[PDB]
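The structure file target_19.csv is reproduced below (CSV, C-alpha atoms).
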chain,number,residue,atom,x,y,z
A,224,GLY,CA,0.0,0.0,0.0
A,225,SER,CA,1.3,3.4,1.1
A,226,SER,CA,3.1,2.6,4.3
A,227,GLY,CA,5.2,-0.5,3.5
A,228,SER,CA,7.3,0.0,0.4
A,229,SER,CA,10.8,-1.0,1.3
A,230,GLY,CA,12.9,1.8,-0.1
A,231,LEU,CA,16.1,3.5,1.0
A,232,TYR,CA,17.6,6.8,0.1
A,233,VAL,CA,21.3,7.5,-0.3
A,234,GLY,CA,23.0,10.9,-0.3
A,235,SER,CA,26.3,12.7,0.1
A,236,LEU,CA,28.2,10.4,-2.3
A,237,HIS,CA,31.1,10.9,-4.7
A,238,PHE,CA,30.1,11.7,-8.3
A,239,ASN,CA,32.6,9.1,-9.3
A,240,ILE,CA,30.5,6.4,-7.5
A,241,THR,CA,28.3,4.3,-9.8
A,242,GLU,CA,25.4,1.9,-9.6
A,243,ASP,CA,27.8,-1.0,-9.4
A,244,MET,CA,29.2,0.4,-6.2
A,245,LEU,CA,25.8,0.9,-4.6
A,246,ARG,CA,24.7,-2.6,-5.7
A,247,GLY,CA,27.9,-4.2,-4.5
A,248,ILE,CA,27.6,-2.5,-1.1
A,249,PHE,CA,23.9,-2.9,-0.7
A,250,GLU,CA,24.2,-6.4,-2.1
A,251,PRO,CA,25.6,-8.2,1.1
A,252,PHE,CA,23.1,-6.1,3.0
A,253,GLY,CA,19.9,-7.2,1.3
A,254,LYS,CA,18.4,-8.5,-1.9
A,255,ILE,CA,18.3,-5.4,-4.2
A,256,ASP,CA,15.1,-5.2,-6.3
A,257,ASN,CA,16.2,-2.2,-8.4
A,258,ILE,CA,18.6,0.7,-8.3
A,259,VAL,CA,18.1,4.2,-9.9
A,260,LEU,CA,20.5,7.1,-9.8
A,261,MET,CA,19.1,10.7,-9.6
A,262,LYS,CA,20.8,13.6,-11.4
A,263,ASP,CA,20.1,17.1,-12.6
A,264,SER,CA,19.3,18.6,-16.0
A,265,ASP,CA,20.9,22.1,-16.0
A,266,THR,CA,24.1,20.5,-14.7
A,267,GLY,CA,23.7,16.8,-15.5
A,268,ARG,CA,26.2,16.1,-12.7
A,269,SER,CA,25.2,13.4,-10.2
A,270,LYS,CA,24.7,15.5,-7.1
A,271,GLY,CA,25.7,12.4,-5.2
A,272,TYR,CA,22.5,10.6,-4.3
A,273,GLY,CA,20.3,7.8,-5.5
A,274,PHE,CA,17.3,5.5,-4.8
A,275,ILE,CA,17.4,1.8,-3.9
A,276,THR,CA,14.6,-0.7,-3.2
A,277,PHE,CA,15.1,-3.9,-1.2
A,278,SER,CA,13.0,-7.0,-1.0
A,279,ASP,CA,12.5,-7.2,2.8
A,280,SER,CA,11.9,-4.2,5.1
A,281,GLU,CA,14.1,-5.9,7.7
A,282,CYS,CA,17.1,-6.1,5.3
A,283,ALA,CA,16.7,-2.4,4.5
A,284,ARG,CA,16.8,-1.4,8.1
A,285,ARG,CA,20.0,-3.4,8.7
A,286,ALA,CA,21.7,-1.9,5.6
A,287,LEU,CA,20.7,1.6,6.8
A,288,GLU,CA,22.4,1.1,10.1
A,289,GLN,CA,25.6,-0.3,8.5
A,290,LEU,CA,25.5,2.3,5.8
A,291,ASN,CA,24.6,5.3,8.0
A,292,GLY,CA,27.9,7.0,8.5
A,293,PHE,CA,29.9,4.6,6.4
A,294,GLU,CA,32.9,6.5,5.0
A,295,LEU,CA,33.2,5.5,1.3
A,296,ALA,CA,35.6,8.1,-0.1
A,297,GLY,CA,37.1,9.4,3.2
A,298,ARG,CA,33.9,11.0,4.3
A,299,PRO,CA,30.7,9.6,5.9
A,300,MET,CA,27.8,9.2,3.5
A,301,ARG,CA,24.1,9.9,4.3
A,302,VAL,CA,21.6,7.0,4.5
A,303,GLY,CA,17.9,7.3,5.4
A,304,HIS,CA,14.5,5.8,4.8
A,305,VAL,CA,12.5,6.9,1.7
A,306,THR,CA,9.2,6.9,3.4
A,307,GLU,CA,10.8,8.6,6.4
A,308,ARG,CA,8.2,6.8,8.6
A,309,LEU,CA,8.8,4.7,11.7
A,310,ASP,CA,7.5,1.1,12.1
A,311,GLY,CA,7.8,-2.0,14.2
A,312,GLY,CA,5.9,-4.6,16.3
A,313,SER,CA,4.6,-3.3,19.6
A,314,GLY,CA,4.4,-5.6,22.6
A,315,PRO,CA,5.7,-4.5,26.0
A,316,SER,CA,4.6,-7.8,27.4
A,317,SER,CA,7.1,-9.5,29.7
A,318,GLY,CA,8.9,-6.2,30.1
So, in terms of structure tokens, how does the structure I just supplied come out?
Amino acid sequence: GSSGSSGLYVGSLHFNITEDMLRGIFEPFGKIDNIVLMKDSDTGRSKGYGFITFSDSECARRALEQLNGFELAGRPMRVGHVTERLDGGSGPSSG
């Protein structure tokens, strides 16, 4: 539906970087469904961000934690959820 799509956003990357780099890094993190790079028109220079969709929401979360602050080219990159919405299974029972 609306709140479920397992998508992750990546920003603050090096123009040099490519889809092969994102897939290779997000590969061992979770089954990648598809990868799409976002760029400009007036400049046509990869600002340094892209969109990636996983198969399982759990896998996306893990990759986000490992990626979040993962220096790729000397500096830490930016990783966040596409839906920017929290989620989880409630149940304070036995707590």
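A straight line drawn from CA of residue 267 in chain A to CA of residue 286 in chain A is 28.3 Å long.
CA of residue 245 in chain A sits 29.4 Å away from CA of residue 312 in chain A.
CA of residue 231 in chain A lies 9.7 Å from CA of residue 280 in chain A.
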Just want the 7 Å neighbourhood of residue 302 in chain A, counted on all atoms listed in the file, with same-chain residues fewer than 6 positions away dropped. Output as a VMD selection string. chain A and resid 232 to 234 287 290 to 291
Selection: 12 Å around residue 246 in chain A, all atoms listed in the file, excl. self and same-chain fewer than 6 positions, as a PDB file with C-alpha atoms, keeping the file's coordinate frame:
ATOM      1  CA  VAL A 233      21.300   7.500  -0.300  1.00  0.00           C
ATOM      2  CA  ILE A 240      30.500   6.400  -7.500  1.00  0.00           C
ATOM      3  CA  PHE A 252      23.100  -6.100   3.000  1.00  0.00           C
ATOM      4  CA  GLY A 253      19.900  -7.200   1.300  1.00  0.00           C
ATOM      5  CA  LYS A 254      18.400  -8.500  -1.900  1.00  0.00           C
ATOM      6  CA  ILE A 255      18.300  -5.400  -4.200  1.00  0.00           C
ATOM      7  CA  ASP A 256      15.100  -5.200  -6.300  1.00  0.00           C
ATOM      8  CA  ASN A 257      16.200  -2.200  -8.400  1.00  0.00           C
ATOM      9  CA  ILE A 258      18.600   0.700  -8.300  1.00  0.00           C
ATOM     10  CA  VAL A 259      18.100   4.200  -9.900  1.00  0.00           C
ATOM     11  CA  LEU A 260      20.500   7.100  -9.800  1.00  0.00           C
ATOM     12  CA  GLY A 273      20.300   7.800  -5.500  1.00  0.00           C
ATOM     13  CA  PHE A 274      17.300   5.500  -4.800  1.00  0.00           C
ATOM     14  CA  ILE A 275      17.400   1.800  -3.900  1.00  0.00           C
ATOM     15  CA  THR A 276      14.600  -0.700  -3.200  1.00  0.00           C
ATOM     16  CA  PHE A 277      15.100  -3.900  -1.200  1.00  0.00           C
ATOM     17  CA  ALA A 286      21.700  -1.900   5.600  1.00  0.00           C
TER      18      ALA A 286
END
Contacts of residue 310 in chain A at 12 Å or less, counting all atoms listed in the file, minus same-chain residues fewer than 4 places along, as a ChimeraX atom specification? /A:226-229,280-281,284,304,306
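Residues within 7 Å of residue 292 in chain A, counting only C-alpha atoms and excluding same-chain residues fewer than 5 positions away, are residues 299, 300 and 301 of chain A.
For the choices A:248, A:261, A:230, A:225, the atom-to-atom distance to residue 293 in chain A is smallest for A:248 when using only C-alpha atoms.
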For a quick check of your reading of the model, name the residues lying within 9 Å of the coordinate (27.8, 10.1, -8.1), counting only C-alpha atoms, and write them as a list in words. residues 235, 236, 237, 238, 239, 240, 241, 242, 260, 261, 262, 268, 269, 270, 271, 272 and 273 of chain A
Kindly output range 278-290 of chain A as a PDB file, in the frame of the given file, after building N, CA, C and O atoms.
ATOM      1  N   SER A 278      14.063  -6.059  -0.931  1.00  0.00           N
ATOM      2  CA  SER A 278      13.000  -7.000  -1.000  1.00  0.00           C
ATOM      3  C   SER A 278      12.268  -7.132   0.358  1.00  0.00           C
ATOM      4  O   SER A 278      11.041  -7.225   0.412  1.00  0.00           O
ATOM      5  N   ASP A 279      13.038  -7.100   1.441  1.00  0.00           N
ATOM      6  CA  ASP A 279      12.500  -7.200   2.800  1.00  0.00           C
ATOM      7  C   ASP A 279      12.755  -5.893   3.562  1.00  0.00           C
ATOM      8  O   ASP A 279      13.837  -5.315   3.456  1.00  0.00           O
ATOM      9  N   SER A 280      11.775  -5.455   4.345  1.00  0.00           N
ATOM     10  CA  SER A 280      11.900  -4.200   5.100  1.00  0.00           C
ATOM     11  C   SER A 280      13.016  -4.396   6.183  1.00  0.00           C
ATOM     12  O   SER A 280      13.743  -3.448   6.480  1.00  0.00           O
ATOM     13  N   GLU A 281      13.132  -5.600   6.735  1.00  0.00           N
ATOM     14  CA  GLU A 281      14.100  -5.900   7.700  1.00  0.00           C
ATOM     15  C   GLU A 281      15.547  -5.684   7.182  1.00  0.00           C
ATOM     16  O   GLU A 281      16.414  -5.099   7.833  1.00  0.00           O
ATOM     17  N   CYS A 282      15.764  -6.177   5.968  1.00  0.00           N
ATOM     18  CA  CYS A 282      17.100  -6.100   5.300  1.00  0.00           C
ATOM     19  C   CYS A 282      17.429  -4.593   5.097  1.00  0.00           C
ATOM     20  O   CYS A 282      18.580  -4.196   5.278  1.00  0.00           O
ATOM     21  N   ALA A 283      16.442  -3.794   4.705  1.00  0.00           N
ATOM     22  CA  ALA A 283      16.700  -2.400   4.500  1.00  0.00           C
ATOM     23  C   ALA A 283      17.115  -1.662   5.732  1.00  0.00           C
ATOM     24  O   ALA A 283      18.023  -0.833   5.698  1.00  0.00           O
ATOM     25  N   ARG A 284      16.478  -1.994   6.850  1.00  0.00           N
ATOM     26  CA  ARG A 284      16.800  -1.400   8.100  1.00  0.00           C
ATOM     27  C   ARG A 284      18.267  -1.676   8.505  1.00  0.00           C
ATOM     28  O   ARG A 284      19.014  -0.775   8.887  1.00  0.00           O
ATOM     29  N   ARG A 285      18.660  -2.941   8.391  1.00  0.00           N
ATOM     30  CA  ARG A 285      20.000  -3.400   8.700  1.00  0.00           C
ATOM     31  C   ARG A 285      21.037  -2.590   7.872  1.00  0.00           C
ATOM     32  O   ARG A 285      21.992  -2.018   8.396  1.00  0.00           O
ATOM     33  N   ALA A 286      20.822  -2.588   6.560  1.00  0.00           N
ATOM     34  CA  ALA A 286      21.700  -1.900   5.600  1.00  0.00           C
ATOM     35  C   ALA A 286      21.811  -0.411   5.980  1.00  0.00           C
ATOM     36  O   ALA A 286      22.867   0.205   5.829  1.00  0.00           O
ATOM     37  N   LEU A 287      20.701   0.157   6.437  1.00  0.00           N
ATOM     38  CA  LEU A 287      20.700   1.600   6.800  1.00  0.00           C
ATOM     39  C   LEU A 287      21.572   1.860   7.981  1.00  0.00           C
ATOM     40  O   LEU A 287      22.265   2.877   8.009  1.00  0.00           O
ATOM     41  N   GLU A 288      21.570   0.958   8.957  1.00  0.00           N
ATOM     42  CA  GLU A 288      22.400   1.100  10.100  1.00  0.00           C
ATOM     43  C   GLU A 288      23.880   0.962   9.798  1.00  0.00           C
ATOM     44  O   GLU A 288      24.724   1.716  10.283  1.00  0.00           O
ATOM     45  N   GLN A 289      24.184  -0.022   8.957  1.00  0.00           N
ATOM     46  CA  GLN A 289      25.600  -0.300   8.500  1.00  0.00           C
ATOM     47  C   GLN A 289      26.059   0.813   7.605  1.00  0.00           C
ATOM     48  O   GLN A 289      27.217   1.229   7.676  1.00  0.00           O
ATOM     49  N   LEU A 290      25.178   1.272   6.722  1.00  0.00           N
ATOM     50  CA  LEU A 290      25.500   2.300   5.800  1.00  0.00           C
ATOM     51  C   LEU A 290      25.622   3.674   6.448  1.00  0.00           C
ATOM     52  O   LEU A 290      26.580   4.419   6.244  1.00  0.00           O
TER      53      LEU A 290
END
